[PDB]
Amino acid sequence: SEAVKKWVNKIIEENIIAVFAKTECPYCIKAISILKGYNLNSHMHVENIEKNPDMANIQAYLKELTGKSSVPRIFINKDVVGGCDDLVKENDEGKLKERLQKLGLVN
Ligand SMILES: [Mn+2]
Ligand SMILES: [Mn+2]
Ligand SMILES: [Mn+2]
Ligand SMILES: [Mn+2]
Numbered sequence: 005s006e007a008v009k010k011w012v013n014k015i016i017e018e019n020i021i022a023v024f025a026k027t028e029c030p031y032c033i034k035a036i037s038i039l040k041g042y043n044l045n046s047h048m049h050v051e052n053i054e055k056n057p058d059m060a061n062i063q064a065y066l067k068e069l070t071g072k073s074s075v076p077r078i079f080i081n082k083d084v085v086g087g088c089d090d091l092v093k094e095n096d097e098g099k100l101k102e103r104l105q106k107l108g109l110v111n
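Its first residue numbered 5, the sequence shown is counted upward by one per residue in the deposited numbering.
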C-alpha cells in the first residue's frame with residue numbers, strides 16, 4: 005500500500021524524533037523515556053502501531069527502512085537510530101547527544 009507507506013513517511017518527515025511503538029511495550033517505554041529526558045517532547049511523535057488496522061504493513065515497511073520489524077523503531081531527522089538497544093548504545097557512547105546538538109535540540 006502506497007497509502008501505508010505515505011502515512012509512515014509523513015510521521016517520520018513531519019517530526020524530528022519519530023518513535024513507532026506498541027501497547028504495553030517495556031523497551032518502547034524505556035526508549036521514549038530516555039528521549040524525553042533530553043527534553044525532546046516538543047519535537048517527538050510516538051505512534052502506537054498495534055492500535056492500527058495495518059500493523060503488519062507498517063512493521064514490514066519499518067523493516068524495509070531499518071532492517072527490523074520490531075518496535076520500538078526510532079528515527080531522528082529521518083536517520084535510522086533503530087531500537088531501544090541501539091538508542092542505549094548511542095546514548096552511552098555520546099552519539100545521541102552529538103545528534104541532538106547538531107539539530108539544535110540540546111545546547
Ligand atoms: Mn498484558
Ligand atoms: Mn526534563
Ligand atoms: Mn505528534
Ligand atoms: Mn499519531
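A virtual CB, placed ideally from N, CA and C, is assigned to each residue, including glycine.
Using DSSP with H/G/I as helix, E/B as strand and the rest coil, what is residue i?
i: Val50; result: strand
i: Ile20; result: coil
i: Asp83; result: strand
By the 10 Å Cβ neighbour count, where 16 or more other Cβ atoms means buried, how is residue i classified, buried or exposed?
i: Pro76; result: buried
i: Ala25; result: buried
i: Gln63; result: buried
Whose CA, out of the options, lies closest to the CA of residue i?
i: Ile80; options: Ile33, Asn13, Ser5 and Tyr65; result: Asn13
i: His49; options: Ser5, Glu18, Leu100 and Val85; result: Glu18
In chain order, what residues of the same chain lie with their CB nearer than 6 Å to the CB of residue i, ignoring the 5 residues before and after it?
i: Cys88; result: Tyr31, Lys34, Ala35 and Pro76
i: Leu100; result: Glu94
Within a Cβ cutoff of 7 Å, which residues of the same chain sit near residue i, ignoring the five residues on either side of it in sequence?
i: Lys9; result: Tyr65
i: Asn61; result: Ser5 and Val8
i: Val84; result: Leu69 and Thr70
| said: Assess contact between the stretch 88 to 96 and the stretch 43 to 57, defined as three or more Cβ pairs (one per stretch) separated by less than 8 Å. Is contact present? | reply: With the cut-off at 8 Å, the stretch 88 to 96 and the stretch 43 to 57 do not touch.
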